[PDB]
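**Q**
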Amino acid sequence: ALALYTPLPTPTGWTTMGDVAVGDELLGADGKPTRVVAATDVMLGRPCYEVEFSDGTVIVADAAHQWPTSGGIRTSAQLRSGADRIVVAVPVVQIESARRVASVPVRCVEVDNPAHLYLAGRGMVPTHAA
Ligand SMILES: [Cl-]
Numbered sequence: 011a012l013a014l015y016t017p018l019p020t021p022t023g024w025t026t027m028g029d030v031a032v033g034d035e036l037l038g039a040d041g042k043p044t045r046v047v048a049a050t051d052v053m054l055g056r057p058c059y060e061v062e063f064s065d066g067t068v069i070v071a072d073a074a075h076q077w078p079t080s081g082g083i084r085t086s087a088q089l090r091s092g093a094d095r096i097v098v099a100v101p102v103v104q105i106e107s108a109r110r111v112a113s114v115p116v117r118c119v120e121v122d123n124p125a126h127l128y129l130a131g132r133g134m135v136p137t138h139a140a
């Protein structure tokens, strides 16, 4: 799950996680549109992490949100400064830090591509859907 205020790129522009509904198009890891097949209610009180990438993108996500790295899938709580790079399909960004922060409301989406990936944050960082 990602914070409601997380900007997500779409084929036409930018939406927030809070504004995502079933049937909306996000972008998959290949930069092409992918359809939202499910989207949770707002979830409150989840432990959250602030994940900062080498491109300047900062995403707040719950502790168990999953990220594709070159060494494996890692949750936000397991991400390591420097040691971890986001990799798809080609290196995308490096993890600079992941730190526990105050809880904010979050939501999960599921998307219709088999990799279960979509782009998130102003830098369009690949991340795993539920
Ligand atoms: Cl893995």
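FYI, the numbering for the sequence shown is 11 to 140, going by my numbering. C-beta atoms are modelled at their ideal positions from N, C-alpha and C, and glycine is treated no differently.
On the criterion of 16 or more Cβ atoms from any shown chain inside 10 Å, does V111 qualify as buried, or is it exposed?
**A** exposed
**Q** Would you report the Cα separation of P124 and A108, rounded to the nearest angstrom?
**A** 27 angstroms
**Q** Of the residues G131, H138, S113 and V103, which one's Cα is nearest the Cα of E120?
**A** Taking the Cα of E120 as reference, the smallest distance to any Cα among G131, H138, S113 and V103 is reached at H138.
**Q** So, under 8 angstroms CB-CB, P17 and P43 are touching, yes? Tell me the CB distance rounded to an integer number of Å.
**A** About 17 angstroms; that fails the 8 angstroms criterion.
**Q** Under a Cβ-count criterion, where at least 16 other Cβ atoms within 10 Å of its own Cβ denotes burial, should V46 be classed as buried or exposed?
**A** buried
**Q** Tell me whether the beta-carbon of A13 lies closer than 8 angstroms to the beta-carbon of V103.
**A** no
**Q** Compute the minimum distance between the beta carbon of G33 and the heavy atoms of ligand 1, and state whether it is under 7 angstroms.
**A** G33: no, Cβ never under 7 angstroms from ligand 1.
**Q** Under three-state DSSP, which class holds residue 208?
**A** The chain is shown only over 11 to 140; residue 208 falls outside these bounds and no answer can be derived.
**Q** Which of the three DSSP states, helix, strand or coil, is assigned to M134?
**A** coil
**Q** Examine ligand 1 and report whether any of its heavy atoms sits within less than 7 angstroms of the Cβ of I83.
**A** yes
**Q** Tell me which same chain residues have a C-beta within less than 7 angstroms of the C-beta of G33, skipping the five on either side of it?
**A** Answer for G33: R45 and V46, listed in chain order.
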